[PDB]
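Consider the single chain below, provided in structure tokens and representing the form deposited in one PDB entry.
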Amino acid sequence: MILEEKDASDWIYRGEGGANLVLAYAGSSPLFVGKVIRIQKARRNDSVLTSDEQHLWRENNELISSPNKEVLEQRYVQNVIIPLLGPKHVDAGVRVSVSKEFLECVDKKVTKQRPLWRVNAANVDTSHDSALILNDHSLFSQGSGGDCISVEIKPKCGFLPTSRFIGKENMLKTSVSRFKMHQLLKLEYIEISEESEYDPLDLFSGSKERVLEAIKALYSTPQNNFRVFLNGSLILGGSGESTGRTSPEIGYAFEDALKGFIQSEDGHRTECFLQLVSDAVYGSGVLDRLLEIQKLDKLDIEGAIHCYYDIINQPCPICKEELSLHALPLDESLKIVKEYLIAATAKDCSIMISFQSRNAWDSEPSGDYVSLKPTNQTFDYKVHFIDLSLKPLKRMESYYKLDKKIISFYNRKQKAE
């Protein structure tokens, strides 16, 4: 039930977000085999919910009355996200008690494998008594059936806004994806080495070859959006951070890593693998449902921000000295902001697609599979949504400032024709 210090050596680094560090199990305890632990970080940037947050998530009491942030995250996924996405592809993760010594031991144990800039920003919140055990989807099913290749995509937002509330100078937000605009700021802030080739509009397009174009793009410039695992081990993409362009060195390493799984002449494993991922993505149409959650951002931050200030009962700084939104009932305003924060979740979650050579000996042969015509292989696949985090209400402020920043910088750069 409780993870003590000694257990620390059994977990190895897997990756990290901005708010969570993730370790994969390595020991042999039946409880944790094929599981990962998601540990919340203590940001120096920043009870379980603010006074305003209880007001918003009011319709969902199991949420507002949570003991810790771990159960809060659990109940959010379970009570808000599942009903929207389906329980087939989402698991909320079992909670577990952890000791302060365990956490402190883990933090120091992994410090060396972490990106420096990540360490600068946060460590594990050693005040928490809890943590989350999820399944290790770099392993196919629970408990085996031969090697497993899995891909983790962070697709980000795949639609263009359409809001009335987009200002006059900012109307370029209508044409260009937020992702592409944001790339110019990251590159400006020395957050990435070169602009990524990826355009989420291709991935979400519902078009077969635009999906392939996206997967190819992802492979070329993975940054923080593309990872590939072999039996849990990272074989492509950055570890808890963005990575540089796929060089011929990296490309080759990955090309080697795929031996046997994709059954093709040496050198052609990579392009066939990409085809496979593209086919599963498109076939499953699992993106369509996600994009729907995303499109719950009906009004865009420039619209929704006005509602936020009505929620937190403060004079809206964004209107100086719109009738439309500020005349809405409190009820309607809460809906808008809630759904914005849900969309937010959806825009930052990641997909895991686990592959495995079709096992003819299954008790119930899977519904979902991809036939690889050229290599004569059939692969079974599963899709799962991960990193489904509740976004904190106060963030509404920083969302607006950030967006304003992106769109001004993009306009600024364009004005140099």
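Think of the rigid core as the biggest set of C-alphas that the two forms share within 1.5 Å after superposition. One-based numbering along the sequence shown.
Heads up, the form deposited in another entry isn't pictured, but that's what we're talking about next.
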For the set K298, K100, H268, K259, which residue undergoes a C-alpha shift of 2 Å or more between the shown form and the other one, given alignment on the rigid core? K100
Comparing between the shown form and the other one on the rigid core, is the C-alpha shift at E241 2 Å or larger? yes
CA of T162, rigid core aligned, shift of 2 Å or more between the shown form and the other one: no
Superpose on the rigid core, then tell me if the C-alpha of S220 is displaced by 2 angstroms or more between the shown form and the other one. no
By 3 Å or more, the Cα spacing of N231 and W117 differs in the other form; is it closer or farther than in this view? closer
Relative to what's shown here, the Cα pair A121 and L402 differs by 3 Å or more in the other form. Does it come closer or drift farther? farther
